[PDB]
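# generate a structure from the sequence data that follows.
(one chain, ligands or ions: 2)
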Amino acid sequence: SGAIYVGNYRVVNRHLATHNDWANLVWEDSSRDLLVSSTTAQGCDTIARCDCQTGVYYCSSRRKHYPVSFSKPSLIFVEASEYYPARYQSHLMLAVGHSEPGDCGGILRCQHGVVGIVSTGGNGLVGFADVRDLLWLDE
Ligand SMILES: CSc1ccccc1CC(=O)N1CCC(F)(F)[C@H](C(N)=O)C1
Ligand SMILES: [Zn+2]
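Numbers count the residues shown, from 1 in each chain. Ligands and ions are numbered 1, 2, ... in the order given. Right below this line is the structure:
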C-alpha cells in the first residue's frame, strides 16, 4: 500500500485503487499500473522533474528505506496475476533491491522529490512506476 498526494490529486497503483478512487477518476493507464483520483484536501508531496538514476525507496516488508540505482523508464515484460494478464508495463524503472507483494505503493525519492512508486519486483529486483513525466500533477 501507499499513495502520492500532490495538490488536489492522489496517485496510487491502479491494481490497488478503491471505489472512491474510481468514483473520482482523473486518469488511469493499465499499461503503467497507475490511477490518479481527485481529492478535496491539499496534498504536499513535491514531484521531481529530472533524469536521476539514484534515489531512496521505502520497503514496508522490512520497515526500512534503501538507497538504489535504477534504470531509465522503459517497456518491461511482467508475468500474469489476479490483476493483469502477461504484458509489457511501460514507464517502469528497475533496481537491485528487496521487494515483496505488499510493498507496492512505497515511494521512491531523489534530491528533487517524488520519482515514482513500487509497482513490480522479484528475484532480488524491484520495479517503480515513474511519475516524473506527468507534468499536469503540479498544474
Ligand atoms: C512489489 S511487487 C512484487 C515483489 C516481489 C514479488 C512479486 C511481486 C508482485 C508483482 O510484481 N506483481 C503483482 C502485482 C501487480 F500489480 F500486478 C504487478 C504489476 N505491476 O503488474 C506485478
Ligand atoms: Zn532527481
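# next up, the contacts around residue 12.
Residues counted as contacts of residue 12 (C-beta atoms under 8 Å, 6 or more residues apart in numbering) are 2-4, 21, 34-37, 105, 117. From N, CA and C alone the C-beta is placed, and that goes for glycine too.
# may I have the phi/psi pair for it?
phi -140, psi 170 (degrees, to the nearest 10).
# by neighbours, which of the contacts of residue 12 wins?
Within those, neighbour counts (other C-beta atoms under 10 Å) peak at residue 117, which reaches 26 neighbours.
# surely it and residue 109 touch.
No: contact between residue 117 and residue 109 fails when scored by C-beta atoms under 8 Å: they sit 10.5 Å apart.
# follow-up on the earlier one: now the contacts of residue 12 as a markdown table including distance to ligand 2 and secondary structure?
Conversion of these to a markdown table gives the following (distance: C-beta to the ion, whole Å; DSSP: H, G, I helix; E, B strand; the rest coil):
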| residue | distance to ligand 2 | secondary structure |
| --- | --- | --- |
| 2 | 19 | coil |
| 3 | 20 | coil |
| 4 | 15 | strand |
| 21 | 27 | helix |
| 34 | 19 | strand |
| 35 | 24 | strand |
| 36 | 21 | strand |
| 37 | 25 | strand |
| 105 | 20 | coil |
| 117 | 15 | strand |
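# so what's the spatially most central residue of the chain bridging to?
Central residue of the chain (C-alpha atoms, centre = their mean): residue 117, 2.2 Å from the mean position. According to DSSP bridges, the partner residues bridging residue 117 are residue 107, residue 129.
# which residues in this structure form strands?
4-13, 25-29, 34-44, 54-59, 64-69, 74-78, 87-96, 107-110, 113-122, 125-130 (DSSP state E).
# how close does residue 8 get to residue 26?
Distance, residue 8 to residue 26, using C-beta to C-beta, to the nearest Å: 9 Å.
# for residue 101, same thing?
As for residue 101, its distance to residue 26 is 26 Å (criterion: C-beta to C-beta).
# ok, those two, which is more surrounded?
Applying other C-beta under 10 Å to residue 101 and residue 26 shows that residue 26 carries more neighbours, namely 16 against 13.
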